Amino acid sequence: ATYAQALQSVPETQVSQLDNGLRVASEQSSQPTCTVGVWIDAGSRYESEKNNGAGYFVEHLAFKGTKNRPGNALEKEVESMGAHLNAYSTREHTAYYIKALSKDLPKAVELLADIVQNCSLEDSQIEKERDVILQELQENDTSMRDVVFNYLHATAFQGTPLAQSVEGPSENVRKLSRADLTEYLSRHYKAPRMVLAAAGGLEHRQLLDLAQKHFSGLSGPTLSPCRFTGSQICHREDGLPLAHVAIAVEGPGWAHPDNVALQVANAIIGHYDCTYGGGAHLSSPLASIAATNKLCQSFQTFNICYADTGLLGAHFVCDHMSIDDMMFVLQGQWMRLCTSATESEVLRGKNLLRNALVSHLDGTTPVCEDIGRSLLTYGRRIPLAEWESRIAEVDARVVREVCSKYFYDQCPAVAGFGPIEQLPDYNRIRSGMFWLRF
Amino acid sequence: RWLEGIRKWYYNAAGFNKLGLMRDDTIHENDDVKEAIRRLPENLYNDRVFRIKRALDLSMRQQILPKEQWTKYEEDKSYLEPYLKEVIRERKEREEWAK
Amino acid sequence: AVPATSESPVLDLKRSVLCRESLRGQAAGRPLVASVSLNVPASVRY
Amino acid sequence: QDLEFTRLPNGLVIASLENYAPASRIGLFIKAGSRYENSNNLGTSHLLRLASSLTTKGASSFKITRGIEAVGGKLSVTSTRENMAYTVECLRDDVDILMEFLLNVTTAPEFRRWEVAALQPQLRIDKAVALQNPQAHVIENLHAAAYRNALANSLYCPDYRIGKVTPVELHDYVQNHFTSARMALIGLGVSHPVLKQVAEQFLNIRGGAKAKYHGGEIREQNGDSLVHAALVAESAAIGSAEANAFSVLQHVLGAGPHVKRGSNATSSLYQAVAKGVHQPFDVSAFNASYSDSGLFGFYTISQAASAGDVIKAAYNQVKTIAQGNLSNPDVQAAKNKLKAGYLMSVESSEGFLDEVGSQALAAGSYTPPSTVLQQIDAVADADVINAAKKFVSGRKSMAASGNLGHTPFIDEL
Amino acid sequence: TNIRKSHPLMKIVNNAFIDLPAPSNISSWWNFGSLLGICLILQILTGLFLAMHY
Amino acid sequence: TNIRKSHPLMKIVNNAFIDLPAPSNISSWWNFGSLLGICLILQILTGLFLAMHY
Amino acid sequence: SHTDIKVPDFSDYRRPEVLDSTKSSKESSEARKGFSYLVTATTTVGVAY
Amino acid sequence: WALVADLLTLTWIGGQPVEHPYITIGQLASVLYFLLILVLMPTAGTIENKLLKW
Ligand code: HEM
Ligand code: HEM
Ligand SMILES: CCCCCCCCCCCCO[C@@H]1O[C@H](CO)[C@@H](O[C@H]2O[C@H](CO)[C@@H](O)[C@H](O)[C@H]2O)[C@H](O)[C@H]1O
Ligand SMILES: CC1=NC2=C(CCCC2)C(=O)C1c1ccc(Oc2ccc(OC(F)(F)F)cc2)cc1
Ligand SMILES: CC1=NC2=C(CCCC2)C(=O)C1c1ccc(Oc2ccc(OC(F)(F)F)cc2)cc1
């Protein structure tokens, strides 16, 4: 029983669509538990300036009652059947999902439907959840990671809806009326912009019929492209003890095949923090150099994907005296992969990526989410055997050519926060995006 | 075996023994030797430190020890070998892996 | 292979809590577990 | 496909489900947790947890890192108070490469003087990071308060020992605890016969007191505006039927959240506390269960001034459960939570491996999920009331961290 | 780390020439130092070439 | 603290000339560096004085 | 909140090619670099002469 | 010391007219110069090593 073989006999994902246009997607295995949820093409990118953070405001109100189950009735019923109810909101994706016993899937699908469609949005509940968000916004100010990434987007996609934070400015949170919320909902929460995903012990046929029963009432706004700008945002705050730097070039966005090769390249460079076992002997040259010279406390490469665009780069957290050196080694890695990546290290990157996405999809929740979001972004679930084919296609030549497209001689977006006196000048950073040899 | 006559002769001709040095004190410090030295236990290191200090002090005076005090050929332990051998063996593994 | 839920720095000021909704989940319910790795960031559990 | 099981004449357990997935997890579980330190070698197991990927006999420090990373793999070491768990993941074709590394790491580590000494500062880094969580302060103190010896040991090396864990101590700890009689080799996506044969040929290694509950209190005064606090009494040993009763009682009282940003309408403790005090807070039932002993109680997170009110309110809630105020719909809901919680915990192939190995050490063999659910149902309402009664009349252990000006003592409660 | 900050000769060049922290706002009147240097080097070369014939 | 280690000019002199750590045992063959310096300075002075007349 | 920070309008300073916020800068990237590097290249040819 | 003595020979030979026996001595000294540096002294080093079990 080989690896190549193993991929061929992984459970297929089923695909059906309702009259209104709601897609129903399912992966089945004999499992006692399941995860089911609703994914929606809705988020901060779809929000204007006047209604920014509405989708986030809604998320707070989603589990706070329905017309059919007022107040804590929705809450009580989830709790008493041992179910676990959860939500998240990205710049492009709002998602509500429930982890339940397999036998309880009918009620699970019913409750999701009740949340989405028949959401109470009570006057007092709005005014309560108003102060809650304001305090979350304050908590978020203390998370330098969150702050620097919000800054990266804000400068990278400046003057567009992608520059906008998911939570919205405090001004909007304090003023958004119930009229705004309900208008936002009926505009964006529509069957063709929605997917019902489920994974665990279930017959696909049953899910589709449960979708009919509760999601039939679901009704049936194009995204403009987003201009990337080579820019810098530098929030200098010497009072904080470590510096956060986030740097990225414009990525290709969800659809593009180059994303696979870019993931391979990002795997080569990889990630590190101070608790990692490897140290000097780590395979990534960036990591081994960073570890031995104590340049940073942590770093990761990322590749964030949006619709027609994205953010491809790295974030690091380091000592106030190490920012210049971190940048130099990081940008040095980008250049080395562009110009001169080797076969064996690309093989390593491939192997990392193969392992990454095979073991991430463990248990029903990550698999349910993969179904939900893949249907939104790609229009289908891409099977593991297809991912493997795209990965095997990547060699040293590919990594070079792909990396040179996005990294080499291109203007990045830089965000820095904290004691950033050392953080290199933009011109020096930009000059660090080429070599005088290749 | 048969060249052991010449090895014993050369040893005394070379004459580091006259300063109370062992052979491994006279090894020129490259990157491997540095690491090998760095890995020595407290006792073996402090002996090395003193033997050299003594030799340097003798060299400073342009004098040698009494003949009784000279390092006997037979008593010259190869103290640095196990550390140095492994330091080298390790680097050659990393150099291999890099290809 | 996959990076952890949280990147860990020493000497870095910690994230604040100002409400009930963010503070729930935190009260420990089971004994500590400790993992260290080669690839994944060290983290402790309830 | 279902699980296979073997216990060799030398004591060692092999358990493996061949499920033909593309990924393969292998775990070597060892009875070598913090509990098996004594007062002379405290924090040794902490260093030992950091110490995989140091040079072994069959592989260098360099080769362990490079070779594993080469195939995109992972090697993790996980410690509880009672066990240590060495886990390897990879794509199925490279299992015997990772296995070779795992065997080297566990059966023949060299613990070289210069490598072991170079690793010493990592104890401070790892500890410092972990102790950023205030739960880590309190739970580590709670145990130290509650016990005289084994389970009192912290998972993290005490400050005074950092820089002072010797190579001898590491060798001794491995030689004395990493033995066939104390080991279970668990696996997924690999055949049982080949695991057995590896365990016979490379894991046949020859062999090498009871936890006294005390009841004490430890108080970290540190001036946070929030006070973390835990109050427990001696519970019941894992494997005993009484333990199941405590697990149900935990879920009656409330054992953490089910809805995002939710107000926990079914949690008995949360509502009991929320009745009196409305400012930011969190409360949960705490249930640890071990081979020798157990701790059951609750953990509060409250404002400094309100700590007295929150703890007393929570304690009062357990008292009324002990007095008999407890209906079937509560005990049914609690069971549904625990039943769901267990099956959800073995939902991932990571957590499943952990439960297979975990059971294999503390008990003889594998109990299937269906049998576990039946045993949860076997807990009667009366058993839950007894668990609560035991807690109320039991000798107490407490731990707190924060500005404790209004945090009561045990004897103030 | 780079070989601009490391190498004993490049170190002096890197600190006094490249990574030198300079005020953002210095005017044209700050150019005259550099120009004095150019003048001096210009005189030395032209001068040396003249001295081959004088 | 002293003004041999402090003053920017004296600092170079103090480190490369006075407090320079030198091996205890260096022989007469180590004098030739200093002597080469003296030679060079000797040539420059005598040379310059000759060039006033040549 | 830090969410109150939004980047100032740089329209005055931008090149015409990157003014349109609903279009991708990547079309014009090939061109914009070409112009600026031509200036540098021309300069070097002149200095060389 | 052979290499030094050879250099002293080359200095003597350099001062002589181009005739017998100064041509042949000169050739033989020049051969020995490069032979000493490129072959003999490197070989001698490695022989010394193998005499010390190195
Ligand atoms: C600060 C640097 C120097 C200054 C300000 C300087 C200035 C002058 C001036 C004003 C003259 C007379 C020019 C004329 O009326 O023809 C002159 C002549 C000369 N200088 Fe210099 N000089 C400098 C450096 C040098 C050096 C370094 C050399 C040779 C190595 C040199 C060699 C000569 C010679 C040979 C002449 C005579 C040829 C002539 O008249 O142009 N000078 N210098
Ligand atoms: C490494 C440094 C120097 C060396 C090795 C050197 C060597 C010589 C030698 C071998 C001669 C011929 C001496 C003779 O047979 O009369 C000479 C002549 C001369 N040198 Fe130098 N020299 C040096 C530096 C200087 C400097 C710095 C100057 C002027 C600033 C200078 C000016 C002269 C002059 C004017 C003569 C002709 C007068 C004479 O023949 O003595 N030299 N030099
Ligand atoms: C009979 C017993 C002989 C033993 C004693 C030797 C000395 C007696 C003289 C015999 C001849 C010696 O040989 C002498 O060598 C030199 C150098 O090669 C010659 O020099 C000649 O040969 C060399 C060969 O490379 C040429 O480059 C050179 O242009 C030429 O001048 C002399 O012309 C010759 O006379
Ligand atoms: C070394 C320098 N320092 C500073 C400023 C202004 C801003 C801050 C300080 C400068 O313009 C500056 C400088 C000085 C000289 C420059 O060209 C040279 C010209 C001559 C030269 O030779 C020498 F040594 F001066 F004789 C060396 C360099 C180039 C730059
Ligand atoms: C600078 C020096 N360093 C060292 C040793 C031996 C021991 C250790 C290193 C020295 O004798 C030494 C030294 C070198 C030169 C000395 O006299 C000078 C002679 C000439 C001189 O001018 C210049 F720059 F060399 F051209 C500067 C100094 C005096 C001392």
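Quick notes on the rules
- Residues numbered from 1 in each chain as written, not as in the entry; some residues may be left out.
- Chains lettered and ligands numbered in written order.
- Part of a larger assembly, values for the part shown.
- Heavy atoms only, no water.
- Residues with missing side-chain atoms left out of burial classes, pairs and counts.
- Helix = DSSP H or I, 4+ residues; strand = E, 2+ residues; numbered from the N terminus.
- Rg over C-alpha atoms; globule rule 2.2 N^0.38 Å.
- Near = heavy atom within 4 Å.
- Nonpolar A, V, L, I, M, F, W, Y, C, P; charged D, E, K, R; others polar.
- Expected span 1.5 Å × (residues − 1).
- Buried < 20%, exposed > 50% of the residue type's maximum accessible area, 1.4 Å probe, protein only.
- Contact = heavy atoms within 4.5 Å.
- Polar contact = N/O pair within 3.5 Å; in protein donor to acceptor, adjacent residues only side chain to side chain.
- Areas by Shrake-Rupley, 256 points an atom, 1.4 Å probe, with all protein chains shown as cover.
- Patch = residues over 30% accessible without salt bridge, like charges linked within 9 Å, V, L, I, M, F, W, Y side chains within 5 Å.
- Salt bridge = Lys/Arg side-chain N within 4 Å of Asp/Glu carboxyl O.
- Core = buried A, V, L, I, M, F, W, Y, C linked by side-chain atoms within 4.5 Å.
- Domains from an automatic or database assignment.
- Buried area = accessible area lost by both parts, 1.4 Å probe.
- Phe/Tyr/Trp six-rings, centres within 6.5 Å; stacked < 30°, edge-to-face > 60°.
- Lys NZ or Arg CZ within 6 Å of the ring centre and 35° of its normal.
- Arc of directions from axis to C-beta.

As stated in the entry header, the method of structure determination is X-ray crystallography and the reported resolution is 3.5000 Å.

**Thoughts on the overall build of chain D**
Broken down by element type, chain D carries 14 helices and 11 strands. Relative to the globule expectation of 22 Å for 413 residues, the C-alpha radius of gyration of chain D, 22 Å, shows essentially globular dimensions. Projected onto its principal axes, the C-alpha positions of chain D cover 65 × 50 × 40 Å.

**Focus on the site of ligand 1**
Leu-40, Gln-43, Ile-44, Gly-47, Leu-48, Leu-50, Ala-51 and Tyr-54 of chain E make up every residue found near ligand 1. Residues that form the shell around ligand 1 fall into these classes: 6 nonpolar, 2 polar and no charged.

**Quick notes on helix α5 (residues 134-146) of chain D**
Residues lying three or four places apart along an α-helix face the same way, a consequence of the helix completing one turn every 3.6 residues. Residues and elements named next belong to chain D. The first and last C-alpha atoms of α5 sit 18 Å apart over 13 residues, in line with the 18 Å expected at 1.5 Å per residue. Counting buried residues along α5, 10 of its 13 residues qualify, which places the element largely inside the surrounding structure. Of all the positions in α5, only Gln-135, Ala-136, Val-138, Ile-139, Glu-140, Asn-141, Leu-142, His-143, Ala-145 and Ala-146 are classed as buried. Where α5 is buried, its residues touch α4 (113-130), β7 (217-221), β8 (226-234), β9 (282-289), β10 (294-303) and β11 (396-402).

**Remarks on the side chain of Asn-355 of chain A**
Locating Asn-355 of chain A in the fold gives a position in helix α13 (residues 343-360). A relative accessible area of 5% means that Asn-355 of chain A is categorised as buried. Engagement of the side chain of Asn-355 of chain A in a polar contact is seen with the backbone oxygen of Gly-72 of chain D, the distance being 3.3 Å. When sequence neighbours within four positions are dropped, the list of residues in contact with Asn-355 of chain A reads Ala-1 of chain C together with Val-71, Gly-72, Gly-73, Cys-90 and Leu-91 of chain D.

**Description of the arrangement of the chains**
There is a gap between chain C and chain E: no contact, and a shortest C-alpha distance of 21 Å. When C-alpha atoms are compared, chain E and chain G, though not in contact, are closest at a spacing of 16 Å.

**Some thoughts on the site of ligand 3**
Residue and element names in this part refer to chain H. Lining the immediate surroundings of ligand 3 are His-20, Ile-23, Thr-24 and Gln-27. With respect to ligand 3, the side chain of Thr-24 contributes an N or O atom lying 3.2 Å from an oxygen atom. Between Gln-27 and ligand 3, the recorded distance is 3.0 Å, taken from a side-chain N or O atom to an oxygen atom. Protein coverage of the free-state accessible area of ligand 3, which is 760 Å², stands at 22%. Residue composition of the shell around ligand 3, by class: 1 nonpolar, 3 polar and no charged.

**Brief notes about a nonpolar patch on the surface**
A grouping of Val-31, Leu-32, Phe-34, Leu-35, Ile-37, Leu-38, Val-39 and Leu-40 of chain H is seen on the molecular surface, where their side chains present a nonpolar patch of about 700 Å² in accessible area. Within the element layout of this structure, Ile-37 of chain H appears in helix α2 (residues 22-51).

**Structural notes on the interface of chain D and chain A**
Between chain D and chain A, the contact holds 41 residues from the first and 50 residues from the second. Of all the secondary-structure elements, those providing two or more residues to the side of chain D that touches chain A are α2 (61-70), β5 (84-91), α4, α11 (328-345) and α12 (349-362) of chain D. A class-by-class count of the residues in the side of chain D that touches chain A yields 18 nonpolar, 14 polar and 9 charged.

**Overview of the nonpolar core**
The biggest cluster of nonpolar side chains holds 66 residues, and the ones touching the most others in it are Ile-186, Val-248, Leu-249, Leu-253, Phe-298, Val-384 and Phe-391 of chain D. The element that contributes the greatest number of residues to this core is helix α10 (residues 307-323) of chain D, accounting for 8 residues.

**Quick look at the domain arrangement of chain D**
Residue and element names in this part refer to chain D. Domain assignment breaks chain D into domain 1 (1-209) and domain 2 (210-413). On the domain 2 side, the residues contacting the 39 residues of domain 1 number 40 residues. Of all the elements in the fold, those that place two or more residues in the side of domain 1 that touches domain 2 are β2 (13-17), β3 (23-30), α5 and β6 (183-188). Split into classes, the residues belonging to the side of domain 1 that touches domain 2 amount to 23 nonpolar, 9 polar and 7 charged.

**Comments concerning the interface of chain H and chain B**
Contacts between the two partners involve 6 residues from chain H and, on the opposite side, 10 residues from chain B. Ranking the residues of chain H by area buried against chain B places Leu-51, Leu-52 and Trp-54 of chain H at the top, with a combined share of 71%. For the pair chain H and chain B, the interface holds 0 salt bridges. In this assembly, chain H and chain B are joined by 2 residue pairs in polar contact. Class assignment for the residues of the side of chain H that touches chain B results in 3 nonpolar, no polar and 3 charged.

**A look at the packing of aromatic side chains**
Summed over all chains, the structure comprises 31 aromatic pairs over all chains. Aromatic side chains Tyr-408 of chain A and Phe-438 of chain A sit 6.2 Å apart centroid to centroid with 75° between the ring planes, which places their arrangement in the edge-to-face category. With a gap of 30 residues between them, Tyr-408 of chain A in the loop between α16 (396-406) and β13 (413-418) and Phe-438 of chain A in the segment after α17 (426-431) connect regions that are remote in the sequence. Exposure remark for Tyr-408 of chain A: the relative accessible area of 19% places this residue in the buried category. Members of the aromatic cluster, each reached through a chain of ring pairs, are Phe-246, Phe-296, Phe-298, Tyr-315 and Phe-391 of chain D. Over the ring of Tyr-315 of chain D we find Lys-319 of chain D, and its NZ or CZ is 4.2 Å from the ring centre. The ring of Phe-391 of chain D carries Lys-396 of chain D above its face, with NZ or CZ at 5.0 Å from the centroid.

**A closer look at helix α13 (residues 369-377) of chain D**
All names here are of chain D. Here α13 has its buried residues at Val-372, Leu-373 and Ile-376. On an axial view of α13, the arc spanned by its buried residues comes to 100°, and they lie on one face. Opposite its buried face, α13 presents the exposed residues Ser-370 and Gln-374, each directed more than 90 degrees away. At its buried positions, α13 is contacted by α8 (241-253) and α11.

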